[PDB]
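Shown next as structure tokens: one chain only, the form deposited in one PDB entry.
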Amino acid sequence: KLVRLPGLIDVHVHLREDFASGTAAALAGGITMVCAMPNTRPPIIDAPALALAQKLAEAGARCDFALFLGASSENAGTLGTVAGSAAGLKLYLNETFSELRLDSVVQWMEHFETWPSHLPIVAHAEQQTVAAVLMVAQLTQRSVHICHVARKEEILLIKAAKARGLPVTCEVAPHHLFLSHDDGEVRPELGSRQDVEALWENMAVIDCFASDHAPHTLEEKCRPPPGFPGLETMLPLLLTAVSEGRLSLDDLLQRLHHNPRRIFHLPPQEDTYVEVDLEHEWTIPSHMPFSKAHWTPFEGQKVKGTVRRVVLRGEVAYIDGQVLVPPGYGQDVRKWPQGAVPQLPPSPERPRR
């Protein structure tokens, strides 16, 4: 007997893997909407790059999407006209490509001050950098979302900030819940067993799950790029945990549906749902069927939970190992009227002619 879930949302996906293959992997993982990161080549750090990327996504995407803009050392104060068309703004505050490297905390402040106040900001921030960006958010009187929290240190800092009523949310990736040192390159590095246990213990503090799908081939992992492929394995791993009583189905759906929607102001998808079989036990293979990454760090893990069918806006998009919607079926949700972020009137009545 199948369980019907709403269309799940992954707010942290890297596609350079193209839009068509990445979104195929998404659908096979029971994900119907993705937010794609700006650290492409070239990176999405200005209006022309965003415009091109949006059209490429519209033509190649099989599920729905929004595209992030990336903060650079040169673009603060220049993105205001296109900001509302993006998922949000992403700051890369630790190791990154020179194009996205910020030289100084004053540059972080400039972004927080110039980016429209009603639109999302995500920060890749590890260890003390979480504390640093939280300070910038407070100084500029706005919210921030922290991605791939991986350490006890980080989740406890975020917990302390929430206890003081600060507007911070966060996400955790499956490899930081289901892999550790014992078990391999990724940023944030895999944590210790104590880090993993801390993340589970503090599940109440975690607002979202997101894959941080980063589809490098082994030839490229083995000057190592950070990241693991994860779109096809995320939901099966989490369903296994649900079936073991580690979290509830509702806990899962808050973190892969409701909280992504409300933090990023992502719209509902009409006639969209995912059917899963909670009974089927299987072993994760050396590589999953869809991602061009062609490897997975979860190889060998036993899981219970499989995506059987995905319906997206009234069409069968995925069934039992086959994706049935073509490249281009997917749409930019920021272009839907219900996908615009609500805003106070910034900041004709009497036509002359």
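The first residue of the sequence shown is number 1, and the count goes up from there.
| query | According to the PDB entry, how many deposited residues between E99 and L100 are absent from the model (none, 1 to 3, 4 to 9, 10 or more)? | reply | Unmodelled stretch: none, continuous chain.
| Interresidue gap class [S347, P348; deposited sequence, unmodelled] | Missing residues, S347 to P348: 10 or more.
| Between 64-72 and 42-50, which has the higher average C-alpha B-factor in the PDB entry? | On average, C-alpha B-factors are higher across 42-50.
| As stated in the PDB record, which stretch has the larger average Cα B-factor, 5-13 or 335-343? | Per the PDB entry, the higher value belongs to 335-343.
| query | Looking at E153, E201, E270, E281, which has the highest Cα B-factor in the entry? | reply | When the deposited C-alpha B-factors of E153, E201, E270, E281 are compared, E281 is largest.
| query | Whose C-alpha has the highest temperature factor in the PDB entry: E244, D250, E110, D207? | reply | Of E244, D250, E110, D207, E244 has the highest C-alpha B-factor.
| message | Per the entry's values, where does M288 land by CA temperature factor relative to the rest of its chain, in the lowest, middle or highest third? | response | Top third by C-alpha B-factor.
| Going by the entry, which third of its chain does the Cα temperature factor of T169 land in? | It belongs to the lowest third of the chain when residues are ordered by C-alpha B-factor.
| field | Among modelled residues of the same chain, the CA temperature factor third for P116 | value | Ranked within chain, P116 CA B lands in the middle tercile.
| request: Grab the CA temperature factor for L190 from the record and place it in the lowest, middle or highest third of its chain. | output: Tercile = highest for this residue's CA B-factor.
| message | Splitting the chain's C-alpha B-factors into thirds, which one does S180 fall into? | response | Its C-alpha B-factor belongs to the highest third of this chain's values.
What comes next is about the form deposited with a small molecule bound, which is not displayed.
| Proximity to the small molecule in the entry with it bound (heavy atom, within 4.5 Å), stretch among 278-286, 238-246, 186-194, 129-137 | After filtering at 4.5 Å, what remains is 186-194.
| said: Since only the chain is shown here, I'm wondering whether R255 would be in contact with the small molecule in the entry with it bound (any heavy atom pair within 4.5 Å). | reply: Because no heavy atom of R255 falls inside 4.5 Å of the small molecule in the entry with it bound, the answer is no.
| query | Is there any non-hydrogen atom of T306 lying within 4.5 Å of the small molecule in the entry with it bound? | reply | It does not: once the small molecule is placed as it appears in the entry with it bound, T306 has no heavy atom within 4.5 Å of it.
| task | Find out whether any non-hydrogen atom of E154 is located within 4.5 angstroms of the small molecule in the entry with it bound, and reply yes or no. | result | No, no contact at 4.5 Å.
| said: Can you work out whether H14 and the small molecule are in contact in the entry with it bound, taking contact to mean some heavy atom pair no more than 4.5 Å apart? | reply: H14 belongs to the contact set for the small molecule.
| query | Is it true that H124, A214 and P226 each have at least one non-hydrogen atom within 4.5 Å of the small molecule in the entry with it bound? | reply | All three within 4.5 Å in the entry with it bound.
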